[PDB]
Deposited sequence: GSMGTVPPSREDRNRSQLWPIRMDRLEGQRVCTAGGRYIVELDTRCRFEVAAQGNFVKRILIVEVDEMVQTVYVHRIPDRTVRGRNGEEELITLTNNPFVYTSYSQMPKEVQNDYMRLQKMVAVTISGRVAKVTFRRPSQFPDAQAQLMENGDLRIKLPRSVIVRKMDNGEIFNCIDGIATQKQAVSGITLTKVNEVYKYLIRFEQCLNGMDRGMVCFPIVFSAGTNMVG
């Protein structure tokens, strides 16, 4: 789902690219300080979620007023007259593009770095730990190598971009992936936890 943006367990998280700065301020608020041509900030997107309703604040900054900032630097001061959007289609396409860049950075890149469930010594690999990331990706930490299963396209490759391999181990990744997805979706039936580290089976 593209709306609202999911920021659960993603607080404190930042990313800096050539396109600007992406900051998840709270589990209910993230930010996109868009860097423009000439490295000045002309637009700041604020995305805030109250339970199930989401508000997107689009601040417009006059040119040559504020420069694109690096990661741990202070948040740029916001304007007092931002455009306000309460639903996706209300946003114009030119603003919608900047919104896509932010939610992608949060749901794909950032969520891919954050471990949600980690399983130590599965019966599938009693010699390592299997990590299911926030974006659904599976990461199996081996000595000096990582077996990666991408949630988006189902691809499988071993790493040090990297690649690749397959054969016998590729069959092995799917049950632990299924186990953990089964563990997560089942643990998604938890009452209104994550992140979790566990061991199961033997011995033990």
query: Gaps in the model (deposited sequence, numbered from 1); finding: 1-16, 177-181, 214-216, 229-230
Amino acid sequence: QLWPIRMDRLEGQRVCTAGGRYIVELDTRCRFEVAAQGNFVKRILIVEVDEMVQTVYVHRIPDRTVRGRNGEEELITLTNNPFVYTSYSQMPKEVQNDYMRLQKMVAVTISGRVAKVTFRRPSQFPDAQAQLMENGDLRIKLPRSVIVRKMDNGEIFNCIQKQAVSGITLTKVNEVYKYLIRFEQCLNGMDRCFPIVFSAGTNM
From here on, numbers count along this sequence of modelled residues.
| property | result |
| --- | --- |
| Which of 140-148 and 62-70 has higher mean CA B factor, as the PDB entry lists it | 140-148 |
| 127-135 versus 91-99 - greater average Cα B-factor per the deposited record | 91-99 |
| Among 196, 186, 10, 16 - the residue whose C-alpha B-factor is largest in the record | 186 |
| Of the residues 159, 34, 46, 49, the one carrying the largest Cα B-factor as recorded | 159 |
| Cα B factor band for residue 190 (lowest, middle or highest third within the chain) | highest |
| Record-listed C-alpha B factor of residue 40: chain third | highest |
| Chain third (lowest, middle, highest) by recorded CA B-factor, residue given as residue 153 | middle |
| CA B-factor placement of residue 171, once the chain's modelled residues are sorted into thirds | highest |
| Chain-relative CA temperature factor third for residue 55 | lowest |
